[PDB]
Amino acid sequence: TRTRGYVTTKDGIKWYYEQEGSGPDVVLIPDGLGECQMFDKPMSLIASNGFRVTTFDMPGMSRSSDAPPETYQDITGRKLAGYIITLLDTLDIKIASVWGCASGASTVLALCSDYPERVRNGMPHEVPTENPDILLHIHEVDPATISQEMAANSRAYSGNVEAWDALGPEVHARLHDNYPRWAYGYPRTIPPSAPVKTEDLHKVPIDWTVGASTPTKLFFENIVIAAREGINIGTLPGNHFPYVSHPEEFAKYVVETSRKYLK
Amino acid sequence: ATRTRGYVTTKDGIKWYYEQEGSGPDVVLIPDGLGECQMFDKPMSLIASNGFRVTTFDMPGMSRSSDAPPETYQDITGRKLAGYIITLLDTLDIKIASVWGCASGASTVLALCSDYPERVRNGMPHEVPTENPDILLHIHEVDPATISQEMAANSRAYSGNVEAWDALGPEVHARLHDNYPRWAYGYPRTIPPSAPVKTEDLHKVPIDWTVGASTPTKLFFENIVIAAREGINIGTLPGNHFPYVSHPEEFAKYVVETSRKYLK
Ligand SMILES: C[C@H]1CCC[C@H](O)CCC/C=C/c2cc(O)cc(O)c2C(=O)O1
Ligand SMILES: C[C@H]1CCC[C@H](O)CCC/C=C/c2cc(O)cc(O)c2C(=O)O1
């Protein structure tokens, strides 16, 4: 049964989190929008396969909004990793299979690099290493404009507009307030701090993905990096939000991939 | 432009339509599967103006090169095409060249780099087919009118610039209309399995590989992984499948810059 609630960690973040299942741990880190309701459907699916799945709204975002300003400013994968480790400690999650898209992927890599002992296997998806043109000036315009532009962009990168819309009014209202905050704290600092150096990529198993429908140039570098390093690399259906666009396929991937590493 | 436009019948029976412009080191522009060289009209002059002798041609059975034996456009592979092209180069007095090619054209480039390395300065393959998208799975099973309509829409949508595509002209599109069925029956089933992407195909001459920036990742995902694991220069170009049509200037610049690196 799904549990839903809050926990305040020692860094002051009042986290909204959810959990379902029993068995080895699976952690689902959201993308930059930090909205975990996006994992609702797949979470049940993954949990039903014998895993304890944990997800949460990111610091300062959605229901995890009661957080120190520091936790949503000058964000990097390593910064988020620290926060997540503190959360995992409080939740007594010793080791986990970890998923993450975009800033979430950066966080996955940071975890694999700096906290390898806590990671079974990492599943990064679309690690930002170079922003597209649409994000160049996003941190520079007024909040209403950021929301409007980012709501459109996200929908366009959704991989399934119907499913995107079908996330619901509550989710979309939360996203609306998240966009400006995300804009000021993420796109400028996330890409330059991508943990994609040789030294970050070999401590724990990694299975890397990019969206099947995502324009090649966007995450091209992820592919080259993975291939050059000898890391498993492939695609998932959809674009930036496979968990929303293709919940069944997404769940399958997580389950199958994590299963490879159980002992 | 001061461009030669002519015909030559090679020993294999193909009556080729070819174009040539400029003087200097040779650059060869191999069309994509559609085999219409008029798509290179603009960039040809641009490349030629940078000090290169540029040659192009309609592919066997296609457009103005349509007077060719059926076997030159059936059960097509990159290696088969390479054979024909080598024969053509011999008649045109081209000894070594920088070679460009997209899709089947790219398969051809690789075949040339693998099997005729002496004739290749550097190869510039773009989107080598290794696995067809679902839209092409049954394209050979239908009748010509159906193929022409389906492929004309398919090509336009993945043109990378529908305005430019349309701007090719009705003469070009009329030629294309007839090419579509021939391409379908002879290319998609055999081009992918014969992709010269094996280790031994890729290291005899310099290769600079590209994929369309706007092309869906999955389509040519394998090109990227292969190139990367093999230590081959890999990157993107604006557009999709026809950068020479969608983005003539950027295309021309890429060819020139890339070819220039290997000149003695
Ligand atoms: C919010 C999410 C998708 C927004 C739609 C946008 O259309 C996605 C464009 C791809 C870029 C994502 C991104 C880049 C960056 O520098 C930092 C980030 O946190 C992200 C990321 O999390 O993107
Ligand atoms: C005709 C051209 C583009 C057709 C439109 C389509 O949007 C191109 C989809 C990409 C695949 C092209 C292709 C596949 C193949 O197995 C053999 C080929 O000769 C081609 C090829 O030359 O593609």
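Here is how names work: the chains are called A, B, and so on, in the same order as the sequence lines, proteins then strands, and each is numbered from 1. Values below: all heavy atoms of this structure, side chains included; hydrogens, waters and symmetry mates excluded.
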message = Ring of B:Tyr244, cation from B:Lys42 - is the NZ or CZ under 6.0 Å from the centre and inside 45° of the axis?
response =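 Cation-pi check for B:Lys42 and B:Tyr244: fails.
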
Any chance the side chains of [X] and [Y] put a donor and an acceptor closer than 3.5 Å?
X: B:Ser194; Y: B:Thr77; answer: no
X: B:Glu230; Y: B:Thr199; answer: yes
X: B:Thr55; Y: B:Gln20; answer: yes
X: B:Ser98; Y: B:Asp26; answer: no
X: A:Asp207; Y: A:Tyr253; answer: no
X: B:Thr210; Y: B:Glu127; answer: no
X: B:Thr9; Y: B:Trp16; answer: no
X: A:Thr145; Y: A:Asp142; answer: yes
X: B:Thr4; Y: B:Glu19; answer: no
X: B:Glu71; Y: B:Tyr73; answer: no

[X] and [Y] ion-paired at < 4.0 Å:
X: B:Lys80; Y: B:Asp75; answer: no
X: B:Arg79; Y: B:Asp201; answer: yes
X: B:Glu36; Y: B:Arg175; answer: yes
X: B:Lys95; Y: B:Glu118; answer: no

My understanding is that only residues two or more places apart in sequence, or in another chain, count here; which of them pass ring-ring contact (aromatic ring centres under 6.0 Å, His included) with A:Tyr179?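 So A:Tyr179 forms no ring-ring contact (aromatic ring centres under 6.0 Å, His included) with any residue.
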
Residue set satisfying side chain to side chain contact (heavy atoms under 4.5 Å, CB included) with B:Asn223, at least two apart, ordered chain then number -> B:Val128, B:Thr130, B:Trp209, B:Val211, B:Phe220

Item checked: Qualifying residue for side chain to side chain contact (heavy atoms under 4.5 Å, CB included) with B:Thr72, from B:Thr10, B:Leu81, B:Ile14 ->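 Single side chain to side chain contact (heavy atoms under 4.5 Å, CB included) partner of B:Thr72 among B:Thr10, B:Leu81, B:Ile14: B:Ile14.
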
In B:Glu21, B:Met39, B:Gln38, the residue satisfying side chain to side chain contact (heavy atoms under 4.5 Å, CB included) with B:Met44 is B:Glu21

For B:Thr217, enumerate each residue passing the side chain to side chain donor-acceptor pair (under 3.5 Å) test, keeping only those at least two apart in sequence or located in another chain.
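For B:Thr217, no residue satisfies side chain to side chain donor-acceptor pair (under 3.5 Å) once neighbours in sequence are set aside.
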
- Look at atom OH of B:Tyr18 and say whether more than 12 heavy atoms of other residues, nucleotides or ligands are closer to it than 6.0 Å. yes

### Message
Tell me whether B:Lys253 at atom NZ has more than 12 heavy atoms from other residues, nucleotides or ligands lying less than 6.0 Å away.
### Response
no

Set out, in order, the CA-CA distance, both residues' side-chain angles and the distance that settles ring pair (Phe, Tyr, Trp, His ring centres under 6.0 Å) for B:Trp165 and B:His173, then state yes or no.
CA-CA 9 Å; B:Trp165 182 257; B:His173 290 292; 5.6 Å; yes

